[PDB]
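As structure tokens, one chain now follows by itself in the form deposited in one PDB entry.
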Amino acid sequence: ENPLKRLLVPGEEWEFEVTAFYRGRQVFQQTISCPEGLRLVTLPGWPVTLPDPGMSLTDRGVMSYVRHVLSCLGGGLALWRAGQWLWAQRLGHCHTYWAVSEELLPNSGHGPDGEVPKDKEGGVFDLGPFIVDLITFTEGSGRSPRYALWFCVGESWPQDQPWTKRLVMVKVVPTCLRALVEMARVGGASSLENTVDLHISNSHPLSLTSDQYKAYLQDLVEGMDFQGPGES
């Protein structure tokens, strides 16, 4: 059996590493595993409480803005997995934007990938393209795929243009993905067996050669959906 397909079975809980930053400063970090995902804050999902800025900030202006955001969070930013997709939904009143990027806090650039919807779930990450890109990476014909989700949380009033200053940023890393990339990087330059920890419930680190890992990655692709051109 392909051990990597365990990543997809419904009963497998993915571990998520959550790191919060206030004006670029790390002020919180926690790693969580929950069947119903998490909620950045009677509702489903493991609640992850962002800390009061008084514990790390000194600027009254930024402290005030952060407290405003803590005030609109309400139900919170929900993030969970369903099949090959990671979904997000803004349950509270804070306009929240997202982007998949590197492990480093992203610059404003061309803006976020999108705004997390409130009335319905919104897809924020598809494991399909990620694995395809990971394979391309192992082939040496592509860059390492990104897996870090960044959530910029603004106020309820849509005129603070939060993505510009990115005062409240929360990075969510599904650790299985970080591990898969590291395994490709390390294994790609090694003729020996290397260990990869999938960081999913009831699992043990896997010892695989580069050839084994590549074969499992290729087979993993068959366990996910890829929309065809013009397919209904």
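So that there is no doubt, residue numbering starts at 1 and follows the sequence shown. Take the two forms, superpose them, and find the largest set of C-alpha atoms that agree within 1.5 Å; that set is the rigid core.
Note that the form deposited in another entry isn't included here; everything after this is about it.
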Query raised in the report: Fit the core first: which of 114, 74, 158, 129 then shifts its CA by 2 Å or more between the shown form and the other one?
Result: 158
Query raised in the report: Knowing the Cα distance between residue 152 and residue 157 changes 3 Å or more in the other form, does it shrink or grow relative to here?
Result: closer
Report summary line: Relative to the shown structure, Cα residue 149 and Cα residue 156 in the other form (3 Å or more change) are closer
